[PDB]
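Have a look at the structure below before the remarks.
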Amino acid sequence: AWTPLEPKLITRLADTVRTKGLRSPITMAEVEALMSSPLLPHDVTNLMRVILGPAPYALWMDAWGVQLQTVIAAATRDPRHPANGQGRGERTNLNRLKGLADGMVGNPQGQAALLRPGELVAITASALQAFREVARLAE
Amino acid sequence: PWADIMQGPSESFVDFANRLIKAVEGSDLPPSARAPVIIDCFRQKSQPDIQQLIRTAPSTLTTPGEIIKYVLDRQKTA
Amino acid sequence: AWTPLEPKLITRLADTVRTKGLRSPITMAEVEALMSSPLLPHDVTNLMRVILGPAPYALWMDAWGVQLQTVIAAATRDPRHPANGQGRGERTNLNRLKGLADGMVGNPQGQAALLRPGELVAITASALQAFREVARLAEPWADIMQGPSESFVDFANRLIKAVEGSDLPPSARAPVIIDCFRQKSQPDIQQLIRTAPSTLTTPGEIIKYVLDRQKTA
Amino acid sequence: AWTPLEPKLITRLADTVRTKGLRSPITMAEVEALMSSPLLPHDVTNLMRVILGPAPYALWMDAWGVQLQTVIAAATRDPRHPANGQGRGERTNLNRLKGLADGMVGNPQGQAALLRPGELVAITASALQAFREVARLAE
Amino acid sequence: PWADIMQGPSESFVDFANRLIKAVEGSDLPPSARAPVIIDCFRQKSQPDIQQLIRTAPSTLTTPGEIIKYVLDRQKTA
Amino acid sequence: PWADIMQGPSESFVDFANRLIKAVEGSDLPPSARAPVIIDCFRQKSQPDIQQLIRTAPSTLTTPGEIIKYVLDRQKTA
Amino acid sequence: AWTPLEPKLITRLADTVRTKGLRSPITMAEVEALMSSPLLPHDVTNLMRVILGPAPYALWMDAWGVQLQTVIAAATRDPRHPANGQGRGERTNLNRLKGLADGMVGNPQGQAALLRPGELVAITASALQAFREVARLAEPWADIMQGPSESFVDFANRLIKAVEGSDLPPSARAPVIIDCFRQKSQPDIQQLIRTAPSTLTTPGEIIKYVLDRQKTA
Amino acid sequence: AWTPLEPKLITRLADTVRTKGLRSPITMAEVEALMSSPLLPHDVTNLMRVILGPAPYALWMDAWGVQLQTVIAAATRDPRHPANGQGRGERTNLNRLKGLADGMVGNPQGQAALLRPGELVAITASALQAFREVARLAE
Amino acid sequence: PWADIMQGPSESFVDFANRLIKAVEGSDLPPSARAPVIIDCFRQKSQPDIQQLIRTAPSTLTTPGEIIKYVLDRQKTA
Amino acid sequence: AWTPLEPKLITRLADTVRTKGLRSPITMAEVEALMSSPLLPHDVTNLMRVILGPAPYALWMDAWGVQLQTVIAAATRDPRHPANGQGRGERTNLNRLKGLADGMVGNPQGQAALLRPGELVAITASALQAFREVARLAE
């Protein structure tokens, strides 16, 4: 069952990003805090939509896609990925990682249903690395 | 109005991009016409130093995020 | 059946050659226009007799003979010429190309009867190349610079014209055109070509790149 | 049997391109007019040689090659191309499209003999699209 | 009259060749006698600078067109 | 002192590069820290025309020699 | 056994580079002189450290690396390189060429021990080509004319120098040199080359012909 | 074992050629001096590359080739050439004289290995005669 | 004296050749030294028009008779 | 047995050539007269030495050699030459035509001994054609 993040925490994090900036160690610590439980693509996408401005959000979408593509290359380079399965029918496509696959587009409940925990942690680590890249790039 | 937005002589590029994307997405354009307009406004606004920086791009930039990344990489630190 | 070219078109072309000259691109375009259908040796000979003066006509006869001789050398070097046949009895002699063979001298009808379409197109291409040679001869690439106000397509046209209509070998035109694009073409375009993330190895590619990334002004 | 285009029409079209330019709607209409019947590679090649300057002609050769390559990719992606046949022996190579194949180099009569009507219309549409690209690029 | 044609002191060579070929071809000579006459008139008319230029031709020129081409190549630009 | 070296308004770039490389290599830095320092001093010193010239480099320059070559190629002849 | 180059010769060469510059033919001759015996990476590296300033030395390190990489690509493209061996265990890595391999870093004696003579000559030729590149870079062929008073061998030397030390491909230098001999080289020599009963198809042949038939003055 | 010529002697000879010219008797004496021991094609080629300018070097390459061709004609006219052998398998090709044969291109050590002393002296005499021709031709 | 013979400004070439060959063959030179001397006197005497005519000979002339034939062919008729 | 031509006739012919020139029809008639009987190479050589000046004599030697070479080419193109024989041992070399062969150099008696009548008439016709060429060339 999907539970959304508190809008109070999200508002506090957005104001933190607004006053301290993207690169302060306190901001990265707060992001790591709100990045503790494995989030669904819907959660991370809406979170970055709210806390980041338009141009940093575009940059972050780009960087997140690139990092997820590196993850999928490593996944096709190793059939023992915690997102993959043993047979070929469990291979994870980027539509399933970005939340674009069938039964997931716009629906967080179905998303949480079909996604694997390894998928969730890989998406989360990818999003964190992308946030770091964009923060280092913006300023 | 999005079509009246210019990058000021002293303004940074991320502020200009923020203002432009805000005014373009919060306007009466269809959703499928925002990215091309944002790109073509990056190219024609954004005072001639960045205009020439985008013009002489050895790669083809086909997304506002890619243009922003390229300009932030190769911008004149000042 | 042979049909002559209109004397009205020929008169207009002659006046074009008289006012614009032999080398203008409009004149070459008009010649290409009147060189559209494959002409018989009689047609091309009379056409050059009318549009060209006496001395350019002598030069053109010389050049046409030389080009036809090159064609006949290539023909004896390949029995599959569209003017040739499979057996040795269809080999095409220069008397048949210049219209001097038996049953053709002075008679355009018999000419059109015995000639092949491959013969006609070879004669026509030879005459066009000879006209180009004589035009380049009747009236320097390393002195061409892009003017401060000149556009880039005009400069490229002028440079390619002067390089291809010169004494260089055919295998040395592309490198020279590239290296002249790089060193001429005033320093804005010079730096635009220098900072090319890709390697441009053809004049067409350089032209496309410069036209894409040029400073609109 | 091959019939050449009138040099009078070609001269008028060349002067139209000379005065109005490459991109005027009247020029594109005139080109569409002279692009009505399916032309052989020889015809289109000589036409572009006469009406276009040297540099636009180089650009047009490039663009025509690229568009013909896209056509040949679509042709190998569908064995029911009006240029293709049913068996593998009728597959159309770029040497046959550009007029470079055996029995065609420099000879328009043989060209018209071996070429298919689907081949002719594909070559013609490719040349028209290439002309549009070069016209949009030159100015 | 073809046999009275001289290249003037200030006249160019292409004008002289045009005038001479015109007067020789529009005359009473047989068709098979025009080329040798045109050549021998190029050699003896065409004031002594071009006369010596044609005389000292390392190759043998056997056609009016070839003589015209050679002279146009090696002529004294003035 | 290397961190006090600026390219003068009238100084050429090869003289500035010579002076900077001299002062950086003849200093107390470790050997593995000279190239990054020389690069980052080329980028932040070397008055804003060359700063923008290095910033808008379509390629990534990862060596002082490559930066010197690029700047010498695309420098404003004056 | 490794023997160092004389510091007297190195001091004289450094002062030569200081007064004459990097591109003078006397400087290149002196470098060729001190580049006679195959040098170890240590020798060439210290030599360029001493004779070149800091910025030319950085440029030269870059160019030397690039040329050595081209050499190693040719070496992996041919197992019969005089630096390579027959088996795969003798393949030469760039650490062994630049002197960075094990047992060589900072030690010229061990360097001379493990290196091959083919390795040494390849390193030396690479360093010479890199020096030429940097010299051409530190300080235009289509602007070269033969002066009214200049001899022809000086003009040919200057032209061949500027054409070979330029951005042209290697396969485009001879045609360009020929066509520049024909269009430059003031009209007396122009007519001398034009009226050549033989066809001259090489810069050396043109130079020989012109030197034979030139107007002694 | 191959030993290179001293760059000091080569520098002195280059300056001699630079000040006195190509045709002075002192210059020819110096060349004869540095032409004392039989040189490998590599040595003579680099020597002429250093002491001669570009255009005299082209002329000298031409003349050296012509003289070597005359030598090879005399060699095929007499099987008792000090460069030849008794059987047909020792016949000396121009690739072996100019240093272009297999195992010699760019490698002076292998060159010195496979070359004969008669080959070396013939190459040396040919190079000396070519130098004389070019010197008589240049001025 | 053979070494004092020059071709006069108005003298024809066959007269000059006759005079020179006469004076060279009726002199104190060895028989094996007459042809080279006659050739080298044709080249250095024989006023600069014929000098340049002999200099620009696409073929190599190695006999006085061949030089005489060539000059008589390509001489400036006047 | 060899009989020399009268020095009186030769003196009269020399004065004819001196006053009338080389190309007058009377001079050619006189030469044809003194060219009536087949002459030995010695006779024609001395005749041209006496009647012609030095430069015309050089030209005539050249032209005579060229014409004799054409004759020898025709002779090797037809084994039925009146100078040739049936076997290969009678083939006529240019040393035998120019009088340079063994037993002929400087000796007119031996010349007349070994020469054939066909050889004599061929030499004579060659000399006459060479005289015509030189006469047409001199003026």
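Every chain in the structure tokens has a letter given in the order shown (A, B, ...), and although residue numbers restart at 1 in each chain, ligands are simply numbered from 1 in the order shown.
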
Original post:
Could you name the residues that touch residue 54 in chain F at 9 Å or less, counting only C-alpha atoms, but leaving out those on the same chain fewer than 2 positions away, as a PyMOL selection string?
Top reply: (chain B and resi 74+76) or (chain F and resi 42-43+49-52+56-57+61+67+70-71)

**OP:** Determine, counting only C-alpha atoms, which protein, DNA and RNA residues have an atom within 9 Å of an atom of residue 21 in chain E; residues of the same chain fewer than 6 positions away are not included. Present the result as a PyMOL selection string.
**Re:** (chain C and resi 54-55) or (chain E and resi 2+34+38)

For chain E against chain C, with a cut-off of 10 Å and counting only C-alpha atoms, what is the closest atom pair and its distance in Å to one decimal for every residue that makes the cut, ordered by chain and number, as CSV?
```
residue,atom,partner,partner_atom,distance
E:13,CA,C:55,CA,9.9
E:14,CA,C:55,CA,6.7
E:15,CA,C:55,CA,8.4
E:16,CA,C:55,CA,9.3
E:17,CA,C:55,CA,6.1
E:18,CA,C:54,CA,5.2
E:19,CA,C:54,CA,8.2
E:20,CA,C:54,CA,8.9
E:21,CA,C:54,CA,6.2
E:22,CA,C:54,CA,6.6
E:25,CA,C:54,CA,9.4
E:63,CA,C:62,CA,8.2
E:64,CA,C:58,CA,6.7
E:65,CA,C:59,CA,4.5
E:66,CA,C:62,CA,7.1
E:67,CA,C:59,CA,9.2
E:68,CA,C:59,CA,7.3
E:69,CA,C:59,CA,7.0
E:72,CA,C:138,CA,8.2
E:73,CA,C:137,CA,8.6
```

Would you export the selected residues with N, CA, C and O atoms as a JSON list (two decimals), in the first residue's frame, please?
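Output file result-v5.json follows:
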```
[["chain", "number", "residue", "atom", "x", "y", "z"],
["E", 13, "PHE", "N", 44.53, 39.99, -79.91],
["E", 13, "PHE", "CA", 44.71, 38.88, -80.83],
["E", 13, "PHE", "C", 43.41, 38.17, -81.16],
["E", 13, "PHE", "O", 43.26, 37.65, -82.27],
["E", 14, "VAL", "N", 42.45, 38.14, -80.23],
["E", 14, "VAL", "CA", 41.20, 37.46, -80.51],
["E", 14, "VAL", "C", 40.38, 38.25, -81.53],
["E", 14, "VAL", "O", 39.70, 37.67, -82.38],
["E", 15, "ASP", "N", 40.44, 39.58, -81.47],
["E", 15, "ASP", "CA", 39.76, 40.38, -82.49],
["E", 15, "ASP", "C", 40.39, 40.16, -83.86],
["E", 15, "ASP", "O", 39.68, 40.02, -84.86],
["E", 16, "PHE", "N", 41.72, 40.13, -83.92],
["E", 16, "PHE", "CA", 42.39, 39.88, -85.19],
["E", 16, "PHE", "C", 42.04, 38.51, -85.73],
["E", 16, "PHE", "O", 41.77, 38.35, -86.93],
["E", 17, "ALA", "N", 42.03, 37.49, -84.87],
["E", 17, "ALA", "CA", 41.67, 36.15, -85.30],
["E", 17, "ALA", "C", 40.23, 36.09, -85.78],
["E", 17, "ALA", "O", 39.94, 35.44, -86.79],
["E", 18, "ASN", "N", 39.31, 36.76, -85.08],
["E", 18, "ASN", "CA", 37.92, 36.79, -85.52],
["E", 18, "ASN", "C", 37.80, 37.42, -86.90],
["E", 18, "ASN", "O", 37.16, 36.86, -87.80],
["E", 19, "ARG", "N", 38.42, 38.58, -87.08],
["E", 19, "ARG", "CA", 38.34, 39.28, -88.36],
["E", 19, "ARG", "C", 38.93, 38.43, -89.48],
["E", 19, "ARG", "O", 38.34, 38.32, -90.57],
["E", 20, "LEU", "N", 40.07, 37.80, -89.23],
["E", 20, "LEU", "CA", 40.74, 37.02, -90.26],
["E", 20, "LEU", "C", 39.93, 35.78, -90.62],
["E", 20, "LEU", "O", 39.78, 35.46, -91.81],
["E", 21, "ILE", "N", 39.43, 35.05, -89.62],
["E", 21, "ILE", "CA", 38.66, 33.85, -89.92],
["E", 21, "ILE", "C", 37.37, 34.22, -90.65],
["E", 21, "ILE", "O", 36.95, 33.52, -91.57],
["E", 22, "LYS", "N", 36.75, 35.33, -90.26],
["E", 22, "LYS", "CA", 35.57, 35.80, -90.97],
["E", 22, "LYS", "C", 35.87, 36.06, -92.43],
["E", 22, "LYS", "O", 35.17, 35.56, -93.32],
["E", 25, "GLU", "N", 36.74, 32.69, -94.36],
["E", 25, "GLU", "CA", 35.63, 31.76, -94.60],
["E", 25, "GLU", "C", 34.55, 32.38, -95.47],
["E", 25, "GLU", "O", 33.83, 31.66, -96.16],
["E", 63, "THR", "N", 46.60, 23.55, -86.57],
["E", 63, "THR", "CA", 45.18, 23.87, -86.56],
["E", 63, "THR", "C", 45.01, 25.29, -86.05],
["E", 63, "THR", "O", 45.73, 25.69, -85.12],
["E", 64, "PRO", "N", 44.12, 26.10, -86.63],
["E", 64, "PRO", "CA", 43.94, 27.46, -86.12],
["E", 64, "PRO", "C", 43.52, 27.50, -84.66],
["E", 64, "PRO", "O", 43.95, 28.39, -83.92],
["E", 65, "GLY", "N", 42.69, 26.55, -84.21],
["E", 65, "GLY", "CA", 42.30, 26.53, -82.81],
["E", 65, "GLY", "C", 43.47, 26.31, -81.88],
["E", 65, "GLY", "O", 43.57, 26.95, -80.83],
["E", 66, "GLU", "N", 44.37, 25.40, -82.24],
["E", 66, "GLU", "CA", 45.54, 25.14, -81.41],
["E", 66, "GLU", "C", 46.46, 26.35, -81.36],
["E", 66, "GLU", "O", 47.00, 26.68, -80.30],
["E", 67, "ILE", "N", 46.65, 27.03, -82.49],
["E", 67, "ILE", "CA", 47.46, 28.24, -82.50],
["E", 67, "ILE", "C", 46.84, 29.30, -81.61],
["E", 67, "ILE", "O", 47.53, 29.99, -80.85],
["E", 68, "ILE", "N", 45.51, 29.46, -81.69],
["E", 68, "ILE", "CA", 44.84, 30.46, -80.88],
["E", 68, "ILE", "C", 44.99, 30.14, -79.40],
["E", 68, "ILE", "O", 45.28, 31.03, -78.59],
["E", 69, "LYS", "N", 44.83, 28.87, -79.03],
["E", 69, "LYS", "CA", 44.98, 28.48, -77.63],
["E", 69, "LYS", "C", 46.39, 28.75, -77.14],
["E", 69, "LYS", "O", 46.58, 29.31, -76.05],
["E", 72, "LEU", "N", 46.99, 32.49, -76.76],
["E", 72, "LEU", "CA", 46.26, 33.04, -75.62],
["E", 72, "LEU", "C", 46.90, 32.64, -74.30],
["E", 72, "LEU", "O", 46.88, 33.41, -73.34],
["E", 73, "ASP", "N", 47.49, 31.44, -74.25],
["E", 73, "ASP", "CA", 48.20, 31.03, -73.04],
["E", 73, "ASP", "C", 49.44, 31.89, -72.82],
["E", 73, "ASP", "O", 49.61, 32.48, -71.75]]
```

**OP:** Give me, please, the distance in Å between CA of residue 142 in chain C and CA of residue 142 in chain G, quoted to one decimal.
**Re:**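 We find that CA of residue 142 in chain C and CA of residue 142 in chain G lie 5.5 Å from each other.
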
For range 118-121 of chain G, list every protein, DNA or RNA residue within 9 Å, evaluated using only C-alpha atoms, and leave out those in the same chain fewer than 2 positions away; present the list as a PDB file with C-alpha atoms, in the first residue's frame.
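What ended up in around-v1.pdb:
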```pdb
ATOM      1  CA  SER G  37      71.807   8.448 -32.187  1.00  0.00           C
ATOM      2  CA  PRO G  38      68.659   6.750 -30.830  1.00  0.00           C
ATOM      3  CA  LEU G  39      67.897   8.452 -27.527  1.00  0.00           C
ATOM      4  CA  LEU G  40      66.209   7.001 -24.476  1.00  0.00           C
ATOM      5  CA  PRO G  41      62.971   8.622 -23.254  1.00  0.00           C
ATOM      6  CA  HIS G  81      56.944  -3.752 -35.651  1.00  0.00           C
ATOM      7  CA  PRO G  82      60.676  -3.421 -34.865  1.00  0.00           C
ATOM      8  CA  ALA G  83      59.511  -2.465 -31.370  1.00  0.00           C
ATOM      9  CA  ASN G  84      57.170  -5.484 -31.091  1.00  0.00           C
ATOM     10  CA  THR G  92      54.940  -2.660 -26.402  1.00  0.00           C
ATOM     11  CA  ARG G  96      57.322   1.333 -21.990  1.00  0.00           C
ATOM     12  CA  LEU G  97      57.551   3.983 -24.717  1.00  0.00           C
ATOM     13  CA  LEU G 115      64.428  -0.981 -24.253  1.00  0.00           C
ATOM     14  CA  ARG G 116      64.742  -2.306 -27.814  1.00  0.00           C
ATOM     15  CA  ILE G 123      60.503   7.100 -29.807  1.00  0.00           C
ATOM     16  CA  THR G 124      63.087   9.308 -31.514  1.00  0.00           C
ATOM     17  CA  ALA G 125      61.108   9.724 -34.743  1.00  0.00           C
ATOM     18  CA  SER G 126      57.963  10.429 -32.721  1.00  0.00           C
TER      19      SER G 126
ATOM     20  CA  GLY H 106      62.419   2.456 -40.832  1.00  0.00           C
ATOM     21  CA  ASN H 107      64.699   0.052 -38.948  1.00  0.00           C
ATOM     22  CA  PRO H 108      68.441   0.769 -39.310  1.00  0.00           C
ATOM     23  CA  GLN H 109      69.468  -2.263 -37.236  1.00  0.00           C
TER      24      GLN H 109
END
```

**OP:** Counting only C-alpha atoms, collect the residues of chain C whose closest atom lies at most 6 Å from chain D, and write them out as an MDAnalysis selection string.
**Re:** chainID C and resid 29:30 33:34 36:37 157 204

Using the selection just defined, write its residues with N, CA and C atoms as a compact mmCIF listing (two decimals), in the first residue's frame.
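Written out: out_19.txt:
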```txt
# COMPACT_ATOMS: atom_id res chain seq x y z
N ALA C 29 23.51 27.89 -67.79
CA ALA C 29 22.18 27.33 -67.56
C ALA C 29 21.37 27.30 -68.85
N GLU C 30 21.43 28.38 -69.64
CA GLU C 30 20.72 28.40 -70.91
C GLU C 30 21.26 27.34 -71.87
N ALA C 33 19.98 24.12 -70.88
CA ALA C 33 18.58 24.04 -71.29
C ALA C 33 18.47 23.60 -72.75
N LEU C 34 19.17 24.29 -73.65
CA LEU C 34 19.17 23.90 -75.05
C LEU C 34 19.99 22.65 -75.31
N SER C 36 19.27 19.82 -73.58
CA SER C 36 18.46 18.86 -72.85
C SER C 36 18.21 17.58 -73.63
N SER C 37 17.63 17.69 -74.82
CA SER C 37 17.43 16.50 -75.63
C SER C 37 18.72 16.14 -76.36
N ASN C 157 30.28 29.31 -53.76
CA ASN C 157 30.02 29.15 -55.18
C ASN C 157 31.20 29.64 -56.00
N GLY C 204 30.83 19.64 -48.99
CA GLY C 204 29.41 19.69 -48.70
C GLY C 204 29.12 19.67 -47.22
```

Subject >> CA of residue 156 in chain G to CA of residue 20 in chain G, straight-line distance in Å >> reply: 21.7 Å

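Between CA of residue 70 in chain G and CA of residue 62 in chain F the separation is 19.4 Å.
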
Subject >> helix (DSSP H, G or I) residues, from DSSP on the backbone, in chain E, as a PyMOL selection string >> reply: chain E and resi 2-4+13-25+31-44+48-55+64-74

Subject >> All residues 12 Å or closer to residue 129 in chain G, only C-alpha atoms, same chain fewer than 6 positions away omitted, as a list in words >> reply: residues 28, 31, 32, 35, 60, 61, 62, 63, 64, 65, 66, 67, 68, 70, 71, 122, 123, 135, 136 and 165 of chain G

Could the residues of chain G that have an atom at most 7 Å from chain C be listed as a tab-separated table, each with its closest atom pair and the distance in Å to one decimal, counting only C-alpha atoms and ordered by chain and ascending residue number?
```
residue	atom	partner	partner_atom	distance
G:142	CA	C:142	CA	5.5
G:168	CA	C:179	CA	6.5
G:172	CA	C:172	CA	6.0
G:175	CA	C:172	CA	6.2
G:179	CA	C:168	CA	6.4
```

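Proximity to residue 115 in chain H at 9 Å, evaluated using only C-alpha atoms and with sequence-adjacent residues fewer than 5 positions away removed, yields residues 40, 83, 96, 97, 110 and 120 of chain H.
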